[PDB]
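S.K.: so I pulled this structure from the PDB, and the sequence comes with it:
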Amino acid sequence: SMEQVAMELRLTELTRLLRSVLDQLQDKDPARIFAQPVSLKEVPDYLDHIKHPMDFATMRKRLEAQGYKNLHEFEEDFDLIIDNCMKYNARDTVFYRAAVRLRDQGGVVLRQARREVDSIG
């Protein structure tokens, strides 16, 4: 149907916007601390600590399958990246501090992305 196509056009446009949001968020992580999943080879106990791991590569795979239906879904996954890091790592670590910085700097980007998603519908 044409209604289905129009919905698919909306999803594709959302996907494009979210790809530019994701690139902008990831620039706020120049050390690439959050680029890839935590390795179970190198932190074998990770899943006893963190129940829903997340990272920018995993987000990017979901995005390219148009797997985010709305910005809320995407924000949830971004928030997991930050929140997981701040639970697993102590305050005095380079990891925790990189999460704080990503949160603070990403908040700016997300604030206007919310306006763009509402605005363009």
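M.R.: That came through fine. Numbering: from 1, shown residues only.

S.K.: I'd say residue 78 and residue 26 touch.
M.R.: No: counting by Cβ atoms under 8 Å, residue 78 does not reach residue 26; the two are 10.1 Å apart. The way it works is simple: take the backbone N, C-alpha and C, and place the C-beta from them, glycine included.

S.K.: these two - which one has more neighbours?
M.R.: residue 78 (21 against 18; other Cβ atoms under 10 Å).

S.K.: can I get the one helix or strand the more buried one maps to as PDB, trimmed to CA atoms?
M.R.: Following DSSP states H and E, the helix or strand that holds residue 78 is helix 71-88. The C-alpha trace of helix 71-88 is given here as PDB (Å, rounded to 0.1, in the frame of the first residue of the first chain):
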ATOM      1  CA  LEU A  71      14.600   8.700  19.000                       C
ATOM      2  CA  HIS A  72      13.600   7.300  22.400                       C
ATOM      3  CA  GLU A  73      14.900   3.800  21.400                       C
ATOM      4  CA  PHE A  74      18.200   5.300  20.200                       C
ATOM      5  CA  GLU A  75      18.600   7.400  23.300                       C
ATOM      6  CA  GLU A  76      18.000   4.300  25.500                       C
ATOM      7  CA  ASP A  77      21.000   2.500  23.800                       C
ATOM      8  CA  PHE A  78      23.200   5.600  24.100                       C
ATOM      9  CA  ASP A  79      22.300   5.900  27.800                       C
ATOM     10  CA  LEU A  80      23.300   2.200  28.300                       C
ATOM     11  CA  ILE A  81      26.800   2.900  26.900                       C
ATOM     12  CA  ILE A  82      27.200   5.600  29.600                       C
ATOM     13  CA  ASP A  83      25.400   4.000  32.500                       C
ATOM     14  CA  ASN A  84      27.100   0.500  32.100                       C
ATOM     15  CA  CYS A  85      30.500   2.200  32.100                       C
ATOM     16  CA  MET A  86      29.700   4.200  35.300                       C
ATOM     17  CA  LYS A  87      28.600   1.100  37.100                       C
ATOM     18  CA  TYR A  88      31.500  -1.200  36.100                       C
END
